[PDB]
>>> print(open('start-v8.pdb').read())   # PDB, C-alpha atoms and all ligand atoms
ATOM      1  CA  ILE A   1     -19.451  48.542 -17.175  1.00  0.00           C
ATOM      2  CA  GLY A   2     -19.949  50.449 -20.425  1.00  0.00           C
ATOM      3  CA  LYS A   3     -23.320  51.121 -22.034  1.00  0.00           C
ATOM      4  CA  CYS A   4     -26.098  50.082 -19.661  1.00  0.00           C
ATOM      5  CA  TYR A   5     -29.650  50.578 -18.486  1.00  0.00           C
ATOM      6  CA  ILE A   6     -30.147  51.648 -14.852  1.00  0.00           C
ATOM      7  CA  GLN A   7     -33.370  50.071 -13.634  1.00  0.00           C
ATOM      8  CA  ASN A   8     -35.073  50.366 -10.244  1.00  0.00           C
ATOM      9  CA  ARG A   9     -36.101  47.229  -8.375  1.00  0.00           C
ATOM     10  CA  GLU A  10     -39.202  48.795  -6.821  1.00  0.00           C
ATOM     11  CA  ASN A  11     -41.067  49.854  -9.970  1.00  0.00           C
ATOM     12  CA  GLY A  12     -38.991  48.590 -12.903  1.00  0.00           C
ATOM     13  CA  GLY A  13     -38.459  52.196 -13.984  1.00  0.00           C
ATOM     14  CA  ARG A  14     -35.284  53.278 -15.753  1.00  0.00           C
ATOM     15  CA  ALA A  15     -33.234  56.420 -15.321  1.00  0.00           C
ATOM     16  CA  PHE A  16     -33.157  58.577 -18.445  1.00  0.00           C
ATOM     17  CA  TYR A  17     -31.705  61.828 -19.691  1.00  0.00           C
ATOM     18  CA  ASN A  18     -33.240  63.383 -22.789  1.00  0.00           C
ATOM     19  CA  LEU A  19     -30.820  65.885 -24.294  1.00  0.00           C
ATOM     20  CA  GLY A  20     -33.418  67.225 -26.728  1.00  0.00           C
ATOM     21  CA  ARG A  21     -35.447  68.736 -23.878  1.00  0.00           C
ATOM     22  CA  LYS A  22     -32.818  68.598 -21.081  1.00  0.00           C
ATOM     23  CA  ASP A  23     -35.109  66.262 -19.122  1.00  0.00           C
ATOM     24  CA  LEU A  24     -33.680  64.051 -16.363  1.00  0.00           C
ATOM     25  CA  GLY A  25     -35.891  61.496 -14.670  1.00  0.00           C
ATOM     26  CA  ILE A  26     -37.099  57.938 -14.223  1.00  0.00           C
ATOM     27  CA  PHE A  27     -39.573  56.321 -16.605  1.00  0.00           C
ATOM     28  CA  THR A  28     -41.654  53.151 -16.346  1.00  0.00           C
ATOM     29  CA  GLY A  29     -42.651  51.654 -19.678  1.00  0.00           C
ATOM     30  CA  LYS A  30     -41.052  51.443 -23.113  1.00  0.00           C
ATOM     31  CA  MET A  31     -37.249  51.101 -23.331  1.00  0.00           C
ATOM     32  CA  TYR A  32     -36.221  54.289 -25.120  1.00  0.00           C
ATOM     33  CA  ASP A  33     -32.636  54.950 -26.211  1.00  0.00           C
ATOM     34  CA  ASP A  34     -32.346  57.937 -23.842  1.00  0.00           C
ATOM     35  CA  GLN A  35     -32.305  55.325 -21.037  1.00  0.00           C
ATOM     36  CA  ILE A  36     -28.854  54.053 -22.161  1.00  0.00           C
ATOM     37  CA  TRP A  37     -26.016  55.305 -19.938  1.00  0.00           C
ATOM     38  CA  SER A  38     -22.236  55.059 -19.954  1.00  0.00           C
ATOM     39  CA  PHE A  39     -21.161  53.494 -16.653  1.00  0.00           C
ATOM     40  CA  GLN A  40     -17.404  54.028 -16.260  1.00  0.00           C
ATOM     41  CA  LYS A  41     -14.902  53.571 -13.450  1.00  0.00           C
ATOM     42  CA  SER A  42     -13.448  56.862 -12.243  1.00  0.00           C
ATOM     43  CA  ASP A  43      -9.915  57.793 -11.175  1.00  0.00           C
ATOM     44  CA  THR A  44     -10.723  57.030  -7.536  1.00  0.00           C
ATOM     45  CA  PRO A  45     -10.893  53.289  -6.735  1.00  0.00           C
ATOM     46  CA  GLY A  46     -14.378  52.084  -5.910  1.00  0.00           C
ATOM     47  CA  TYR A  47     -16.127  55.075  -7.528  1.00  0.00           C
ATOM     48  CA  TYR A  48     -17.834  55.421 -10.908  1.00  0.00           C
ATOM     49  CA  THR A  49     -19.332  58.008 -13.226  1.00  0.00           C
ATOM     50  CA  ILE A  50     -22.757  57.745 -14.825  1.00  0.00           C
ATOM     51  CA  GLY A  51     -22.944  59.610 -18.101  1.00  0.00           C
ATOM     52  CA  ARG A  52     -24.968  60.388 -21.200  1.00  0.00           C
ATOM     53  CA  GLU A  53     -24.538  62.887 -24.012  1.00  0.00           C
ATOM     54  CA  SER A  54     -21.138  64.142 -22.741  1.00  0.00           C
ATOM     55  CA  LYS A  55     -22.699  64.961 -19.352  1.00  0.00           C
ATOM     56  CA  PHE A  56     -22.414  63.283 -15.948  1.00  0.00           C
ATOM     57  CA  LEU A  57     -24.996  62.489 -13.307  1.00  0.00           C
ATOM     58  CA  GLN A  58     -24.241  64.597 -10.232  1.00  0.00           C
ATOM     59  CA  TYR A  59     -25.745  65.542  -6.888  1.00  0.00           C
ATOM     60  CA  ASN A  60     -25.021  69.065  -5.647  1.00  0.00           C
ATOM     61  CA  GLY A  61     -26.614  68.796  -2.187  1.00  0.00           C
ATOM     62  CA  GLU A  62     -29.873  70.329  -3.476  1.00  0.00           C
ATOM     63  CA  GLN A  63     -30.756  68.438  -6.670  1.00  0.00           C
ATOM     64  CA  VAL A  64     -29.713  65.521  -8.844  1.00  0.00           C
ATOM     65  CA  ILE A  65     -28.728  67.110 -12.159  1.00  0.00           C
ATOM     66  CA  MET A  66     -26.623  66.530 -15.257  1.00  0.00           C
ATOM     67  CA  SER A  67     -23.235  68.259 -15.346  1.00  0.00           C
ATOM     68  CA  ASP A  68     -20.985  69.049 -18.309  1.00  0.00           C
ATOM     69  CA  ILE A  69     -18.077  68.984 -15.843  1.00  0.00           C
ATOM     70  CA  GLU A  70     -16.424  65.865 -14.425  1.00  0.00           C
ATOM     71  CA  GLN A  71     -16.259  67.193 -10.866  1.00  0.00           C
ATOM     72  CA  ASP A  72     -16.266  65.616  -7.399  1.00  0.00           C
ATOM     73  CA  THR A  73     -20.070  65.398  -7.200  1.00  0.00           C
ATOM     74  CA  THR A  74     -20.186  63.050 -10.233  1.00  0.00           C
ATOM     75  CA  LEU A  75     -18.606  60.185  -8.219  1.00  0.00           C
ATOM     76  CA  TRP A  76     -20.830  57.263  -7.161  1.00  0.00           C
ATOM     77  CA  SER A  77     -20.072  54.020  -5.324  1.00  0.00           C
ATOM     78  CA  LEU A  78     -21.995  50.742  -5.518  1.00  0.00           C
ATOM     79  CA  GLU A  79     -23.337  49.412  -2.218  1.00  0.00           C
ATOM     80  CA  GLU A  80     -24.340  45.756  -2.095  1.00  0.00           C
ATOM     81  CA  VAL A  81     -27.870  44.774  -1.087  1.00  0.00           C
ATOM     82  CA  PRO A  82     -27.511  41.233   0.327  1.00  0.00           C
ATOM     83  CA  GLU A  83     -31.255  40.464   0.375  1.00  0.00           C
ATOM     84  CA  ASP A  84     -31.574  41.300  -3.362  1.00  0.00           C
ATOM     85  CA  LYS A  85     -28.693  39.668  -5.206  1.00  0.00           C
ATOM     86  CA  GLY A  86     -27.641  41.667  -8.262  1.00  0.00           C
ATOM     87  CA  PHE A  87     -28.985  45.004  -6.945  1.00  0.00           C
ATOM     88  CA  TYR A  88     -27.016  47.961  -5.589  1.00  0.00           C
ATOM     89  CA  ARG A  89     -27.532  51.303  -3.974  1.00  0.00           C
ATOM     90  CA  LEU A  90     -25.737  54.154  -5.711  1.00  0.00           C
ATOM     91  CA  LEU A  91     -24.075  56.366  -3.101  1.00  0.00           C
ATOM     92  CA  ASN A  92     -22.828  59.849  -3.965  1.00  0.00           C
ATOM     93  CA  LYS A  93     -19.254  60.287  -2.732  1.00  0.00           C
ATOM     94  CA  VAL A  94     -19.294  63.974  -1.837  1.00  0.00           C
ATOM     95  CA  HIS A  95     -22.677  64.238  -0.143  1.00  0.00           C
ATOM     96  CA  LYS A  96     -23.138  60.594   1.004  1.00  0.00           C
ATOM     97  CA  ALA A  97     -26.703  60.287  -0.258  1.00  0.00           C
ATOM     98  CA  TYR A  98     -28.289  57.497  -2.310  1.00  0.00           C
ATOM     99  CA  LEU A  99     -29.768  57.861  -5.771  1.00  0.00           C
ATOM    100  CA  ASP A 100     -33.528  57.581  -5.291  1.00  0.00           C
ATOM    101  CA  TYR A 101     -36.711  58.590  -7.104  1.00  0.00           C
ATOM    102  CA  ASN A 102     -39.784  60.633  -6.242  1.00  0.00           C
ATOM    103  CA  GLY A 103     -42.462  60.335  -8.883  1.00  0.00           C
ATOM    104  CA  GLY A 104     -40.717  60.787 -12.181  1.00  0.00           C
ATOM    105  CA  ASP A 105     -37.761  62.707 -10.734  1.00  0.00           C
ATOM    106  CA  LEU A 106     -34.370  61.443  -9.612  1.00  0.00           C
ATOM    107  CA  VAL A 107     -33.586  62.564  -6.055  1.00  0.00           C
ATOM    108  CA  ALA A 108     -31.027  61.853  -3.353  1.00  0.00           C
ATOM    109  CA  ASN A 109     -31.723  60.531   0.133  1.00  0.00           C
ATOM    110  CA  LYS A 110     -29.420  59.693   3.047  1.00  0.00           C
ATOM    111  CA  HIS A 111     -32.022  57.329   4.533  1.00  0.00           C
ATOM    112  CA  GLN A 112     -31.991  53.728   3.355  1.00  0.00           C
ATOM    113  CA  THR A 113     -35.312  53.071   1.600  1.00  0.00           C
ATOM    114  CA  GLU A 114     -36.822  50.429  -0.673  1.00  0.00           C
ATOM    115  CA  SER A 115     -36.712  52.762  -3.714  1.00  0.00           C
ATOM    116  CA  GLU A 116     -32.887  53.015  -3.831  1.00  0.00           C
ATOM    117  CA  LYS A 117     -32.114  49.561  -5.256  1.00  0.00           C
ATOM    118  CA  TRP A 118     -30.833  49.561  -8.845  1.00  0.00           C
ATOM    119  CA  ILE A 119     -29.710  46.945 -11.338  1.00  0.00           C
ATOM    120  CA  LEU A 120     -27.285  48.041 -14.049  1.00  0.00           C
ATOM    121  CA  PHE A 121     -27.409  45.811 -17.118  1.00  0.00           C
ATOM    122  CA  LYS A 122     -25.727  45.842 -20.529  1.00  0.00           C
ATOM    123  CA  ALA A 123     -27.655  47.750 -23.171  1.00  0.00           C
ATOM    124  CA  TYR A 124     -26.356  45.710 -26.120  1.00  0.00           C
TER
ATOM    125  CA  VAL B   1     -26.151  36.468 -25.871  1.00  0.00           C
ATOM    126  CA  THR B   2     -26.319  35.774 -22.127  1.00  0.00           C
ATOM    127  CA  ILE B   3     -25.950  32.185 -20.872  1.00  0.00           C
ATOM    128  CA  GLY B   4     -26.979  31.450 -17.288  1.00  0.00           C
ATOM    129  CA  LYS B   5     -29.295  33.388 -14.991  1.00  0.00           C
ATOM    130  CA  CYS B   6     -31.050  36.301 -16.702  1.00  0.00           C
ATOM    131  CA  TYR B   7     -34.128  38.487 -16.836  1.00  0.00           C
ATOM    132  CA  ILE B   8     -36.196  38.415 -20.032  1.00  0.00           C
ATOM    133  CA  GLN B   9     -37.648  41.886 -20.578  1.00  0.00           C
ATOM    134  CA  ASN B  10     -39.780  43.348 -23.366  1.00  0.00           C
ATOM    135  CA  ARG B  11     -38.780  46.542 -25.180  1.00  0.00           C
ATOM    136  CA  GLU B  12     -42.365  47.759 -25.590  1.00  0.00           C
ATOM    137  CA  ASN B  13     -43.368  47.966 -21.915  1.00  0.00           C
ATOM    138  CA  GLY B  14     -40.313  47.058 -19.849  1.00  0.00           C
ATOM    139  CA  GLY B  15     -42.248  44.028 -18.628  1.00  0.00           C
ATOM    140  CA  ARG B  16     -40.499  40.871 -17.437  1.00  0.00           C
ATOM    141  CA  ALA B  17     -41.468  37.256 -18.067  1.00  0.00           C
ATOM    142  CA  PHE B  18     -41.955  35.339 -14.823  1.00  0.00           C
ATOM    143  CA  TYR B  19     -42.859  31.894 -13.529  1.00  0.00           C
ATOM    144  CA  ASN B  20     -43.913  31.316  -9.925  1.00  0.00           C
ATOM    145  CA  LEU B  21     -43.850  27.606  -9.082  1.00  0.00           C
ATOM    146  CA  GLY B  22     -45.956  27.737  -5.920  1.00  0.00           C
ATOM    147  CA  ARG B  23     -48.750  29.640  -7.654  1.00  0.00           C
ATOM    148  CA  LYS B  24     -48.190  27.866 -11.027  1.00  0.00           C
ATOM    149  CA  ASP B  25     -48.267  31.357 -12.551  1.00  0.00           C
ATOM    150  CA  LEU B  26     -46.622  32.231 -15.901  1.00  0.00           C
ATOM    151  CA  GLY B  27     -46.869  35.709 -17.390  1.00  0.00           C
ATOM    152  CA  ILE B  28     -45.272  39.120 -17.901  1.00  0.00           C
ATOM    153  CA  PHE B  29     -45.076  41.750 -15.140  1.00  0.00           C
ATOM    154  CA  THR B  30     -44.404  45.481 -15.494  1.00  0.00           C
ATOM    155  CA  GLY B  31     -43.905  46.364 -11.821  1.00  0.00           C
ATOM    156  CA  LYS B  32     -41.379  45.374  -9.151  1.00  0.00           C
ATOM    157  CA  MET B  33     -38.486  43.034 -10.033  1.00  0.00           C
ATOM    158  CA  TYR B  34     -39.182  39.801  -8.150  1.00  0.00           C
ATOM    159  CA  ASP B  35     -36.992  36.685  -7.891  1.00  0.00           C
ATOM    160  CA  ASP B  36     -39.397  34.709 -10.069  1.00  0.00           C
ATOM    161  CA  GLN B  37     -38.395  36.806 -13.069  1.00  0.00           C
ATOM    162  CA  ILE B  38     -34.923  35.182 -13.122  1.00  0.00           C
ATOM    163  CA  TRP B  39     -34.570  32.489 -15.792  1.00  0.00           C
ATOM    164  CA  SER B  40     -31.868  30.004 -16.761  1.00  0.00           C
ATOM    165  CA  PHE B  41     -30.943  30.491 -20.415  1.00  0.00           C
ATOM    166  CA  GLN B  42     -29.045  27.426 -21.618  1.00  0.00           C
ATOM    167  CA  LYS B  43     -27.865  25.828 -24.831  1.00  0.00           C
ATOM    168  CA  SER B  44     -30.089  22.918 -25.819  1.00  0.00           C
ATOM    169  CA  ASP B  45     -29.235  19.412 -27.026  1.00  0.00           C
ATOM    170  CA  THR B  46     -29.575  20.778 -30.587  1.00  0.00           C
ATOM    171  CA  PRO B  47     -27.121  23.448 -31.800  1.00  0.00           C
ATOM    172  CA  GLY B  48     -28.613  26.837 -32.607  1.00  0.00           C
ATOM    173  CA  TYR B  49     -31.442  26.436 -30.081  1.00  0.00           C
ATOM    174  CA  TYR B  50     -31.788  27.304 -26.416  1.00  0.00           C
ATOM    175  CA  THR B  51     -33.980  26.419 -23.475  1.00  0.00           C
ATOM    176  CA  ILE B  52     -35.574  28.922 -21.103  1.00  0.00           C
ATOM    177  CA  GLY B  53     -36.023  27.439 -17.657  1.00  0.00           C
ATOM    178  CA  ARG B  54     -37.204  28.119 -14.125  1.00  0.00           C
ATOM    179  CA  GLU B  55     -37.880  25.891 -11.126  1.00  0.00           C
ATOM    180  CA  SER B  56     -36.709  22.731 -12.932  1.00  0.00           C
ATOM    181  CA  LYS B  57     -39.204  23.457 -15.747  1.00  0.00           C
ATOM    182  CA  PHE B  58     -38.926  24.782 -19.307  1.00  0.00           C
ATOM    183  CA  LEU B  59     -40.816  27.385 -21.324  1.00  0.00           C
ATOM    184  CA  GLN B  60     -42.684  25.760 -24.209  1.00  0.00           C
ATOM    185  CA  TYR B  61     -45.240  26.521 -26.900  1.00  0.00           C
ATOM    186  CA  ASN B  62     -47.583  23.717 -27.937  1.00  0.00           C
ATOM    187  CA  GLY B  63     -49.250  25.446 -30.901  1.00  0.00           C
ATOM    188  CA  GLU B  64     -52.091  26.695 -28.666  1.00  0.00           C
ATOM    189  CA  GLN B  65     -50.648  28.364 -25.544  1.00  0.00           C
ATOM    190  CA  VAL B  66     -47.327  29.305 -23.982  1.00  0.00           C
ATOM    191  CA  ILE B  67     -46.942  27.083 -20.900  1.00  0.00           C
ATOM    192  CA  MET B  68     -44.268  25.478 -18.771  1.00  0.00           C
ATOM    193  CA  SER B  69     -43.001  21.922 -19.319  1.00  0.00           C
ATOM    194  CA  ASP B  70     -41.550  19.525 -16.742  1.00  0.00           C
ATOM    195  CA  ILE B  71     -39.363  17.901 -19.418  1.00  0.00           C
ATOM    196  CA  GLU B  72     -37.140  19.242 -22.205  1.00  0.00           C
ATOM    197  CA  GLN B  73     -39.467  18.373 -25.073  1.00  0.00           C
ATOM    198  CA  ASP B  74     -38.930  19.572 -28.643  1.00  0.00           C
ATOM    199  CA  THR B  75     -41.517  22.288 -27.929  1.00  0.00           C
ATOM    200  CA  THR B  76     -39.089  23.831 -25.408  1.00  0.00           C
ATOM    201  CA  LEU B  77     -36.538  24.753 -28.111  1.00  0.00           C
ATOM    202  CA  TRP B  78     -36.144  28.446 -29.011  1.00  0.00           C
ATOM    203  CA  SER B  79     -33.882  30.270 -31.437  1.00  0.00           C
ATOM    204  CA  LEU B  80     -32.694  33.879 -31.224  1.00  0.00           C
ATOM    205  CA  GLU B  81     -33.232  36.379 -34.043  1.00  0.00           C
ATOM    206  CA  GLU B  82     -31.593  39.789 -33.647  1.00  0.00           C
ATOM    207  CA  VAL B  83     -33.959  42.747 -34.006  1.00  0.00           C
ATOM    208  CA  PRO B  84     -32.583  44.784 -36.943  1.00  0.00           C
ATOM    209  CA  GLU B  85     -32.790  48.328 -35.546  1.00  0.00           C
ATOM    210  CA  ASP B  86     -32.433  47.492 -31.801  1.00  0.00           C
ATOM    211  CA  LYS B  87     -28.992  46.089 -30.971  1.00  0.00           C
ATOM    212  CA  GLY B  88     -29.264  43.988 -27.828  1.00  0.00           C
ATOM    213  CA  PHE B  89     -32.851  42.872 -28.488  1.00  0.00           C
ATOM    214  CA  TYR B  90     -33.979  39.526 -29.893  1.00  0.00           C
ATOM    215  CA  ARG B  91     -37.070  37.783 -31.090  1.00  0.00           C
ATOM    216  CA  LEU B  92     -37.473  34.335 -29.545  1.00  0.00           C
ATOM    217  CA  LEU B  93     -38.617  31.870 -32.205  1.00  0.00           C
ATOM    218  CA  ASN B  94     -40.180  28.574 -31.173  1.00  0.00           C
ATOM    219  CA  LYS B  95     -38.564  25.830 -33.244  1.00  0.00           C
ATOM    220  CA  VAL B  96     -41.489  23.399 -33.541  1.00  0.00           C
ATOM    221  CA  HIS B  97     -44.228  25.934 -34.298  1.00  0.00           C
ATOM    222  CA  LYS B  98     -42.223  28.829 -35.819  1.00  0.00           C
ATOM    223  CA  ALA B  99     -43.958  31.327 -33.546  1.00  0.00           C
ATOM    224  CA  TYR B 100     -42.431  34.332 -31.778  1.00  0.00           C
ATOM    225  CA  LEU B 101     -42.699  34.837 -28.032  1.00  0.00           C
ATOM    226  CA  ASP B 102     -45.105  37.696 -27.513  1.00  0.00           C
ATOM    227  CA  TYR B 103     -47.450  39.077 -24.884  1.00  0.00           C
ATOM    228  CA  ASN B 104     -51.059  40.198 -24.552  1.00  0.00           C
ATOM    229  CA  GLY B 105     -51.874  41.950 -21.310  1.00  0.00           C
ATOM    230  CA  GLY B 106     -50.346  39.934 -18.490  1.00  0.00           C
ATOM    231  CA  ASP B 107     -50.066  36.695 -20.489  1.00  0.00           C
ATOM    232  CA  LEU B 108     -47.276  35.293 -22.631  1.00  0.00           C
ATOM    233  CA  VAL B 109     -48.454  34.303 -26.108  1.00  0.00           C
ATOM    234  CA  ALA B 110     -46.878  33.386 -29.432  1.00  0.00           C
ATOM    235  CA  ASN B 111     -47.453  34.828 -32.891  1.00  0.00           C
ATOM    236  CA  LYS B 112     -46.169  33.647 -36.261  1.00  0.00           C
ATOM    237  CA  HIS B 113     -46.043  37.197 -37.697  1.00  0.00           C
ATOM    238  CA  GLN B 114     -43.341  39.673 -36.677  1.00  0.00           C
ATOM    239  CA  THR B 115     -44.832  42.483 -34.573  1.00  0.00           C
ATOM    240  CA  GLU B 116     -43.653  45.371 -32.382  1.00  0.00           C
ATOM    241  CA  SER B 117     -44.289  43.471 -29.122  1.00  0.00           C
ATOM    242  CA  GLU B 118     -41.851  40.594 -29.764  1.00  0.00           C
ATOM    243  CA  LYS B 119     -38.545  42.286 -28.842  1.00  0.00           C
ATOM    244  CA  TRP B 120     -36.791  40.905 -25.749  1.00  0.00           C
ATOM    245  CA  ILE B 121     -33.570  41.815 -23.946  1.00  0.00           C
ATOM    246  CA  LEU B 122     -32.038  38.952 -21.966  1.00  0.00           C
ATOM    247  CA  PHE B 123     -29.749  40.476 -19.370  1.00  0.00           C
ATOM    248  CA  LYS B 124     -27.601  38.942 -16.652  1.00  0.00           C
ATOM    249  CA  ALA B 125     -29.364  38.725 -13.327  1.00  0.00           C
ATOM    250  CA  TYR B 126     -26.109  39.034 -11.364  1.00  0.00           C
TER
HETATM  251 CL    CL A 201     -38.242  64.854 -22.662  1.00  0.00          CL
HETATM  252 CL    CL A 202     -37.603  57.898 -21.442  1.00  0.00          CL
END
>>> encode(input="start-v8.pdb", output="structure tokens")
Amino acid sequence: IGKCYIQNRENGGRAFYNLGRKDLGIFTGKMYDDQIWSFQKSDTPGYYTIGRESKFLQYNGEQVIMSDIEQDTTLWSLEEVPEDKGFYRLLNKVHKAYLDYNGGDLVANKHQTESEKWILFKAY
Amino acid sequence: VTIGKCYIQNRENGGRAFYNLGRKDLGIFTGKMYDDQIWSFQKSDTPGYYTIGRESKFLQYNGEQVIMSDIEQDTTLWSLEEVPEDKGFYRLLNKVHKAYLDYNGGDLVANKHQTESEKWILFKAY
């Protein structure tokens, strides 16, 4: 909870949002400050928002994007992965799809795949 | 300042220190997050210093190479130094040899001069 990095088990890459070029993605390598997110509990029990730069990570059924608006599609639940203690899938409430990656892009996927396992750890 | 099970990850490349007992393999890895990257960070017998342990062994520096130790020798004692412009990151300073935990390629090394590759974040594994 609070400021955190969001790192993928499969490749060690971290989600980032760069406001200076409006670039959302996943990056493997150096730990830049645009990889630091605000992970906050939402109004609805069991659901969270993932935010940077006054925007929220959302999935609109077509793309994973950043939203200025705290709307339904910004709600995510954590889903335990028993084989990998400390890792979670991030499941979008509205569209029931998992946060995933394809190359350097964040995507959503209803299938359960090895690239959907994330660890959220304190930035400071 | 995490105490207990943690990953030890480098700011410069996102790589994680690891020790695999079966393969007797110590290094840093920039790919997938495996179980053997989870360390036990504990307070030592001497205040101000910590041990860094896996598989009933301890990370040490003997003045030549960074290696594991079966026993908590003086060479297994490390202090934390905050990195001035990177809150959450630390240099790990070996007590006996005054050398900072560092890396070169896939290997852990130690260096007495402060450099850009010595910044570690120690984050809870669970
Ligand atoms: Cl960018
Ligand atoms: Cl980045």
>>> resolve_selection(input="start-v8.pdb", expression="the PyMOL selection byres ((chain A and not hetatm) within 10 of (chain B))", output="number ranges by chain")
A: 7-14, 27-33, 84-87, 119-124
>>> resolve_selection(input="start-v8.pdb", expression="the PyMOL selection byres (((not hetatm)) within 8 of (chain A and resi 201))", output="number ranges by chain")
A: 17-24
>>> closest_residue(input="start-v8.pdb", among="A:108, A:36, A:81, A:4", to="ligand CL 202 (chain A)", atoms="all atoms listed in the file")
A:36
>>> resolve_selection(input="start-v8.pdb", expression="the PyMOL selection byres (((chain B and resi 97) around 8) and not hetatm)", output="number ranges by chain")
B: 61-63, 75, 94-96, 98-99
>>> write_last_selection(input="start-v8.pdb", atoms="C-alpha atoms", output="PDB file, in the frame of the given file")
ATOM      1  CA  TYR B  61     -45.240  26.521 -26.900  1.00  0.00           C
ATOM      2  CA  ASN B  62     -47.583  23.717 -27.937  1.00  0.00           C
ATOM      3  CA  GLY B  63     -49.250  25.446 -30.901  1.00  0.00           C
ATOM      4  CA  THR B  75     -41.517  22.288 -27.929  1.00  0.00           C
ATOM      5  CA  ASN B  94     -40.180  28.574 -31.173  1.00  0.00           C
ATOM      6  CA  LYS B  95     -38.564  25.830 -33.244  1.00  0.00           C
ATOM      7  CA  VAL B  96     -41.489  23.399 -33.541  1.00  0.00           C
ATOM      8  CA  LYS B  98     -42.223  28.829 -35.819  1.00  0.00           C
ATOM      9  CA  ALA B  99     -43.958  31.327 -33.546  1.00  0.00           C
TER      10      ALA B  99
END
>>> closest_residue(input="start-v8.pdb", among="A:95, A:73, A:105, A:116", to="ligand CL 202 (chain A)", atoms="only C-alpha atoms and all ligand atoms")
A:105
>>> residues_near_point(input="start-v8.pdb", point="(-23.0, 56.0, -19.7)", cutoff="8 Å", atoms="all atoms listed in the file", output="PyMOL selection string")
chain A and resi 2-4+36-40+49-52
>>> atom_distance(input="start-v8.pdb", atom1="CA of residue 103 in chain A", atom2="CA of residue 64 in chain A")
13.8 Å
>>> closest_residue(input="start-v8.pdb", among="A:6, A:107, A:1, A:97", to="ligand CL 202 (chain A)", atoms="all atoms listed in the file")
A:6
>>> atom_distance(input="start-v8.pdb", atom1="CA of residue 72 in chain A", atom2="CA of residue 110 in chain A")
17.8 Å
>>> closest_residue(input="start-v8.pdb", among="A:34, A:114, A:100, A:68", to="ligand CL 202 (chain A)", atoms="only C-alpha atoms and all ligand atoms")
A:34
>>> axis_aligned_box(input="start-v8.pdb", around="range 97-115 of chain A", padding_each_side="3 Å", output="lines of an AutoDock Vina configuration file")
center_x = -34.6
center_y = 56.6
center_z = -3.8
size_x = 21.8
size_y = 18.3
size_z = 22.7
>>> residues_around(input="start-v8.pdb", residues="residue 18 in chain B", least_positions_apart="4", cutoff="7 Å", atoms="all atoms listed in the file", output="PyMOL selection string")
chain B and resi 26-28+36-37
>>> atom_distance(input="start-v8.pdb", atom1="CA of residue 76 in chain A", atom2="CA of residue 90 in chain A")
6.0 Å
>>> residues_around(input="start-v8.pdb", residues="residue 68 in chain B", least_positions_apart="3", cutoff="6 Å", atoms="all atoms listed in the file", output="list in words")
residues 58, 59 and 60 of chain B
>>> residues_around(input="start-v8.pdb", residues="residue 56 in chain B", least_positions_apart="3", cutoff="12 Å", atoms="all atoms listed in the file", output="NGL selection string")
:B and (19-21 or 39-40 or 51-53 or 59 or 68-72)
